[PDB]
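A.B. asks: below: the sequence, then the experimentally determined structure.
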Amino acid sequence: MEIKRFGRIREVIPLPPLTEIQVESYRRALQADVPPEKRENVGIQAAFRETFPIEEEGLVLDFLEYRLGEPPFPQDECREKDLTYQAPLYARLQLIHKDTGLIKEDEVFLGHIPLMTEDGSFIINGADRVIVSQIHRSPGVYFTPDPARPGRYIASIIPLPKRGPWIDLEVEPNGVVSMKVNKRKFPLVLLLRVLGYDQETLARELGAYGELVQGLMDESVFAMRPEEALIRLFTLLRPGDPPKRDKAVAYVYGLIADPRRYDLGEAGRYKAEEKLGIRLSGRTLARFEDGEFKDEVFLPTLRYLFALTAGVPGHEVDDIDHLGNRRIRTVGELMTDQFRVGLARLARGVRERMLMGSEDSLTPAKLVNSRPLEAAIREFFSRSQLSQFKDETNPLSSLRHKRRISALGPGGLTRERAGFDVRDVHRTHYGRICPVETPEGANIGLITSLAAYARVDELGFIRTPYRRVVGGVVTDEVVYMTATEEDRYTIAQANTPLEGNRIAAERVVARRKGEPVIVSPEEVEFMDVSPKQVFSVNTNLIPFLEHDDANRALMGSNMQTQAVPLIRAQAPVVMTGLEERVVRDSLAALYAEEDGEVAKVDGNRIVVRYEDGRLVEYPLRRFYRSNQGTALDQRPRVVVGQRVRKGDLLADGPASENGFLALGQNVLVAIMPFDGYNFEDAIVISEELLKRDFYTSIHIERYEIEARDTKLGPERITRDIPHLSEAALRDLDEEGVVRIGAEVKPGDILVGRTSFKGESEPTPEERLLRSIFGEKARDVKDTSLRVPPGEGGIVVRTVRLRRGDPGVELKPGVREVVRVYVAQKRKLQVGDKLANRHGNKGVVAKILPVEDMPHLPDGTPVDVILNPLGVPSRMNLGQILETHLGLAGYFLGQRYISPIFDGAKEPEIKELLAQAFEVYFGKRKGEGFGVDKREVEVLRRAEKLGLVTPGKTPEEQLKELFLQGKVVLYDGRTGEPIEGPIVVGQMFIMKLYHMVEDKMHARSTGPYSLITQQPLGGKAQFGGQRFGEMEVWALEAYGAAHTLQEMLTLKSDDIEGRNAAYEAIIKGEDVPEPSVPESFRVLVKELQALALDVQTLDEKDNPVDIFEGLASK
Amino acid sequence: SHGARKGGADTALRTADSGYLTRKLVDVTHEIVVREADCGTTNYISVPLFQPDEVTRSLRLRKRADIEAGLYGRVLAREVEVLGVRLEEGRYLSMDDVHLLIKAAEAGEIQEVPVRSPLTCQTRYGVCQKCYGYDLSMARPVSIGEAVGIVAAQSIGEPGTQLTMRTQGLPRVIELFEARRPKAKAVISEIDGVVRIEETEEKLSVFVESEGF
Amino acid sequence: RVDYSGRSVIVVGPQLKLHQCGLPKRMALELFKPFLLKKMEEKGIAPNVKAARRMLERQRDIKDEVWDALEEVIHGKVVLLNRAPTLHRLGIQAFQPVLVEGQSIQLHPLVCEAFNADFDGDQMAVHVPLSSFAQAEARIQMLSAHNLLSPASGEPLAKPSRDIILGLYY
Amino acid sequence: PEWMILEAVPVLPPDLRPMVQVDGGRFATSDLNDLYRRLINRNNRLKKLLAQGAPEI
Amino acid sequence: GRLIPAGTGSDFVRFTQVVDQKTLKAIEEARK
Amino acid sequence: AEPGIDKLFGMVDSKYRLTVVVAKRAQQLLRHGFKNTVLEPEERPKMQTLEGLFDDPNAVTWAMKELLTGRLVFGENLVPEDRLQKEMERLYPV
Amino acid sequence: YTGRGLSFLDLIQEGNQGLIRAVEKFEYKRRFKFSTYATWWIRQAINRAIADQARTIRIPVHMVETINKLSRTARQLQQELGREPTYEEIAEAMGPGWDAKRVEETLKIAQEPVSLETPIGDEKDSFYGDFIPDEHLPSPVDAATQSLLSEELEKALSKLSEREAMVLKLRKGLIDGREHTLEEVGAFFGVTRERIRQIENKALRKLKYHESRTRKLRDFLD
DNA sequence: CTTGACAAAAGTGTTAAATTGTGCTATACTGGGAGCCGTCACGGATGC
DNA sequence: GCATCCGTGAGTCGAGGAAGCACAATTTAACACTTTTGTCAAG
Ligand SMILES: [Mg+2]
Ligand SMILES: [Zn+2]
């Protein structure tokens, strides 16, 4: 299967490491490789240098250096034992007695820092988790126009999230500038006087403007001394507190001058310098030195605001939604922030501990309490919104999840607090954030995916690469630039024709400040690297993207994530070229480090002899259960003695074929309605797919049980379960666990557990029964683990962890835990959801035999039948072109790589189809067969429809039909041909994770809630279906009063009513009349608890007791 | 992609508003039920067959769909004689009757149709059978005891998602049902009279003149 | 939340009548469990209700006559199919269940426009009316074949659709 | 009107604010138990302060 | 959780009684 | 649709009265074990079982067929409920 | 003392109580300032209040001190060893009379109850109480099988004689009361204890014979 | 139908060990810490 | 008449589970002893 590549755009640079956004940021944060003396003031090192030294105010706790030890357990051990993959963090601290002049130095153990795996995901509590980058407003100074009053602007000073209050500066109608902090508004003149500014300085600096400077001059504040002005400012900010100079200056310093409490940030400082044209010494609004306050940013901000109000040419407002004004916090920044919070708590504990208790005899180890830091870190890595449970259905799933950017999370936007402004695709999203890919629904526009070529810079601003164009020739120099820098140049398009390096087109389509323009080659300053940089990883994997509507390409890209690995997965016929890169960068496959020869090949491990001679053994991950239940296995693709070059493939990862991403099957697809089984996106498949095991996956389910200690006695996991026959215990071994390899069905026992019964006398009927049968009641009862309905399979693994095992930290009171991994081989069935890369999705509605599917004149039946009516409404024409190219490849025996927006076009597909028809019909001519009568009738009908040129021979008409992508398709039932030619091709169809087997649920009676006594919800808990308000409204509209009453009382919460109804049904009688629900009783009791007398009356207004006298004294 | 994302966000933020409006409509008209065959009221509404078009400034026949939506399955309050056909009082207007009325209007014989409507229904805590008309789900007079309030609320709220959101579309419907004061509210004449324009560069004033006011 | 309620993915059934839906055998067994126990007690399948329930607990202990008893039970009875959101009153419709081999509910195409349901992965809930009043209300008022006109406008709501219209026009 | 000021605070039945033991042995309780505990603690502290002749502040 | 005053729960149709011919004739004969 | 549904709808002034009558007749048939049916042995609804044809156990279908035959008198304030139940028990003991 | 389970104002009020106690017990003859003596009582009252009121399930002060000492020892060993200590090291460091089992039980006791209203998921639409079944009230299946067992037992007892059935119901609590002893039933019937035992055994044997010949009551035994 | 001998099952009465609750620490300490933030529209009082 | 603070609302399913120390007052496990049967021989 030779690969033919289309396209004329030559990329000067390759795709950057797709996981670098997660990996490089955490490497910068930890700095575990750089020696401590060479560490820069970033990340947790910056946090240490910020919080430390701690001063009692003569005891000083200073920090010298920190180191990270080797992790106690490897990744596999942490996953198996449900541990957290982390490295021990120790800090070196010194205690200095200022009065005494003695130093005590020792290394204190601060705790454990979770480590990142090579793929970019953490292992928290044995579960793979991914930290999602958060997009937020970049700190700095912005100038937004006031919407309430036209012609006026308001200045906003934004620090880092939870690192200071937002400052507002506004021009009041009176002409006096107002500063707003923490919802409190006051005259800015007071705080400006606190910074030691005189009338002459303000007159000389801000006087070259309108009446704003005159309004800024209030002799009441200017005549006031800076100390009295500071006291008045403190009184205005915090009323009631006594005016004290020390407290006032401390509060002001902590509000606008304390680096530990106020942090504008590196990005904020850079933005302030870029906008206001100043050089901030630090990252604070004001500087407290020599016992006095010095201005840093307030005066330049006020000057810029006054100039913008006046209307100077060089100053303009700032766009809040501009992607240059919006930055990204990766895993490193969030982890550093949480570490800083924990370290601040630790410093507070040290300070409150170092001033009390044996001050002379102190050591840094005793003072330092590391519990708050570890608590904050574990809270961030477990219970944070941005720390999401890893989606690893396929390597592409994890790859996208690591590259996701979420506007939600702690300190960010909210799902229902977000308007259209944040959800729209700004003009600066070009080449930095994927426009099409986003989760549709309530989270559309709030979660996005990073572009393919985009990379987050040091400050957190997304950059995109552009080729420098000078003198009309495009050079190989590539500049990674942000949106604010991008807005200053005219950037051409990657599809502009080039005569080598010189631009050939006289009229070049370019972008100026985000708007499309037509310019000359001389005016071109930058060029796009490639069309791929605009779209993310998923969208770059959709061939013929230019022919798909954005709303449907969104669905296609999203569903590419949900495709499950298949035991016979094969790469698509029509590719875009990123499959190999996705597989390589997802770290799912196995590749040789350098040149060498493979010495041993096995299903479990591969031993390779490199050129230097060293033996390297790579274990093969075999049938490991992913987070989503899919089976992730690596299959060797080499043989003993085979020589491999550096970077060559050694073992295919999950959902991969020879290093190419294989999320589905290449199946013969015919586009035609079929007996209504294609109705409303439904898909018809052939039984031939099941015969040769296509769309067949492996799913592993984990069932966990725990034997604990109980006051009644310790629960024992044993094979001897009381009142059970030998048939039920056939599969259980001597230890009470199901033997490995046994087939389990719903209701079968996986592990046997007996629990001591609560000491309570039995009901008299049971006692009489026991006396009649002479069977003494045992002291234990069956509490074993059984397969839930709708599940089962083959037991493939049993893990038994016991208390006292090395590294197994069981919860207190739990003797042991048993986990059973049961694997089932799922085949395609009716109700399973299939899809394709172009967003065409549907559930399999019929599985026809091979003899019923339409077949080609050569006898080849089609495998999948698609409804054509899904094309015109969804406007996803790319699937048609993929079908044509797949037909050409199927009859030519080759695969194609057509990159998005630069690849296969209509003439190329037509000539490929011409070659395919040439070989296809030459084979028939050589076999000695002419033209079918049915083919002749179809050709006549087609020429009546204008599809083929009249007067040509049947061979020429058939060739024309093939060039149109249509073939004469016969009917498998009647044998007569389909009256019109049918588009038949080879299309790549994925099997999605949504399967009817895991979604079907039913329930008659089961668990009920605690308070309302209503049935629970969810298939896992065996709950009922929610009959919400809208269903009740529908029942009322039908007027089904009795059905609604039943669904409200008999089937939901009428305890006596439901018990009597069940007893009547099992006795063959009709259910009785329902009674008052328990929910209304809860309502009445809660209203009474609110001191409201709710009484139910009758026709004569007499009270009616709905509690049957149980609540009456 | 800008327009596609705008449409997606519009749909996402419109489905919730449509559902909330449907909930309001259900909760305000949950008590409306057909409670009697006839309340005996003599009031009615004159459904107009002609719309006063302003570009031509004259009465023009309304669309067939509008007349069908406003007259199908309704009881005639007063007997109507059109095209030699006498529709007596208390006769339910079927589709054939609506088409006959439309043809009569096209012949210039009738201007408005007097029909019984829930607005004029005097039934307490509900409506009457002869005021509601047909049960549109069965094309026959409404059965006594049907929860027409819930049906009405669901019928109004179901196509709220299909309305375009981009004073127009679903927000217009919401502000109409809430009786909200529009921001760009129109100016209406409080009393009848002759209009007089006093357009001047300084101010624009309109005078309504009567015999003494 | 209600008892005797299930949920499953829907697929298109062209062979079904307008008043029929394809209820999976397992879902029917679980939803009609008390009626099935009573029927098994009536015949010789089980001695009493407890033995029948124990037989139904284990999948491999279910004989072939249990399915025949289940088919006998559902004779005449109907189940309510529901699809969220229930925007209008036709979001819940009564259908006569038909036992099918599989795990997906077979839905008639004509009611799909009434349900606003396609087959791109939709899920629907099944509810079982119990008494004579509920069954009569479902079969007389809530039946799919009895609600052919839309209450909103009076025009037909269960009418020919995409493929049907395409074929008839062609 | 004087009924609008509570002299005796009603207490919801404990089953509507359950303190249940899960199968794992952990105890799960509602926030109403915590609110009632805070109210009772403050009331008893006020009673003790009044009995001890605490100052007006 | 009561019977709603609409549809089959409406007072107009809630109290309707169905009786056969034989039992009705027996009642009339035994009464009159 | 149910057999003869148009006639059943047209025989009453309100469809909910039809539903009430059908449900009450079905419960009356269930209580007496189908011994009070007005259907001839050649008119009883039948179901196809592997053993053979048997009587239909769905009381709603029986009530609908009986009301279709037209031998059932339905209305409001016909006879006292207690007297009606006593007479029906006397005629058809159960 | 803030952040230890009690709010700031509660700590202030408990310290006020301790201050009142200190004023009651203060002596000025020793020439020590009031702050020195009052601090002891204030911190004692605050700590006692924290021990007695910071937990939903109250724990005695001695057990609170034991838990605090155990936590301090565990923290010291954790910082010394650079890892989380096992129960053996903690028990060894605590002192005599402590083993791994006692440490595990103390840690189990020190487990605060979990709130029933803690949300799970990005949306605030789920709670713990939605996933905890009610295992107190009998299920419909349990009530149905209890009623079936009662009916079957009543039908089976009909085969017994009038006196034997009454004796068995009295002796097994079928009259909703506690199982009457042999002497009580004998005095009720005016018969000696031995004859009551003999007739009860004979009736039980007859019921066993009937069950063997019918096998209509075995399924309810479980 | 009863009349005596035995052998546990349960209850009564101490006994200290375990558990629980209250009292007491005497240099001098004398007013808090966390926020902090991207939504719009619509009652409806609250004043000027 | 109008600017402004406050309160309420913004779709449905499903799938997501940081002192000890002494000392006195209260409870209870452990036994020791009558008391009460449950049963067995004697017909
Ligand atoms: Mg759908
Ligand atoms: Zn009326």
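C.D. replies: Cool, got the structure. Numbering: from 1, shown residues only, chains lettered A, B, ... in the order given. Ligands and ions are numbered 1, 2, ... in the order given.
A.B. asks: contact partners for the residue nearest the centre of chain G?
C.D. replies: In chain G, the residue lying closest to the centroid (C-alpha atoms, centre = their mean) is residue G:57, at 11.3 Å. The contact partners of residue G:57, taken as C-beta atoms under 8 Å, 6 or more residues apart in numbering or on different chains, are D:27, G:113. Heads up, the C-betas are built off the backbone N, CA and C, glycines and all.
A.B. asks: state the helix or strand in which it lies.
C.D. replies: If you go by DSSP states H and E, residue G:57 is not part of any helix or strand.
A.B. asks: and for residue B:55?
C.D. replies: Using DSSP H and E, no helix or strand contains residue B:55.
A.B. asks: for it, grab the count of nearby residues.
C.D. replies: Residues within reach of residue B:55, counting by other C-beta atoms under 10 Å in any protein chain shown, total 6.
A.B. asks: so what's the residue nearest to the spatial centre of chain F closest to, chain neighbours aside?
C.D. replies: Note on chain F: the residue nearest the mean C-alpha position is residue F:63, at 2.5 Å, using C-alpha atoms, centre = their mean. Excluding the flanking residues, the one nearest residue F:63 by C-beta to C-beta, 6 or more residues apart in numbering or on different chains is residue F:25, at 3.7 Å.
A.B. asks: helix, strand, or coil at the one you found?
C.D. replies: helix (DSSP: H, G, I helix; E, B strand; the rest coil).
A.B. asks: hmm, back to that, doesn't residue F:26 make contact with the residue nearest to the centre of chain F?
C.D. replies: Yes: if you go by C-beta atoms under 8 Å, residue F:63 and residue F:26 touch, sitting 4.1 Å apart.
A.B. asks: between these two, what contacts are shared?
C.D. replies: residue C:136.
A.B. asks: what is the burial count for residue F:21?
C.D. replies: So residue F:21, with other C-beta under 10 Å, has 24 neighbours.
A.B. asks: likewise for residue E:9?
C.D. replies: Applying other C-beta under 10 Å, we find 24 residues neighbouring residue E:9.
A.B. asks: could you pull up phi and psi at it?
C.D. replies: phi -90, psi 0 (degrees, to the nearest 10).
A.B. asks: quick one, what contacts the residue lying closest to it once chain neighbours are set aside?
C.D. replies: Excluding the flanking residues, the one nearest residue E:9 by C-beta to C-beta, 6+ apart is residue A:1041, at 3.1 Å. Contact partners of residue A:1041, counting by C-beta under 8 Å, 6+ apart, are C:137, E:3, E:4, E:6, E:7, E:8, E:9, E:10.
A.B. asks: of these, closest to residue D:5?
C.D. replies: Closest to residue D:5 out of the contacts of residue A:1041 is residue E:4 (39.2 Å), distances taken as C-beta to C-beta.
A.B. asks: phi, psi for the residue nearest to the closest one when sequence neighbours are not counted please.
C.D. replies: Nearest non-adjacent residue to residue E:4, counting by C-beta to C-beta, 6+ apart: residue A:1041, 4.8 Å away. Per-residue torsions, residue A:1041: phi -70, psi -40 (degrees, to the nearest 10).
A.B. asks: ok, residue A:1041 to residue A:902 distance?
C.D. replies: Between residue A:1041 and residue A:902 the computed distance is 65 Å (C-beta to C-beta, to the nearest Å).
A.B. asks: and if you look at residue C:92?
C.D. replies: Distance check for residue C:92 against residue A:902: by C-beta to C-beta, it reads 51 Å.
A.B. asks: more neighbours, these two?
C.D. replies: More crowded of residue C:92 and residue A:902, by other C-beta under 10 Å: residue C:92, with 28 against 18.
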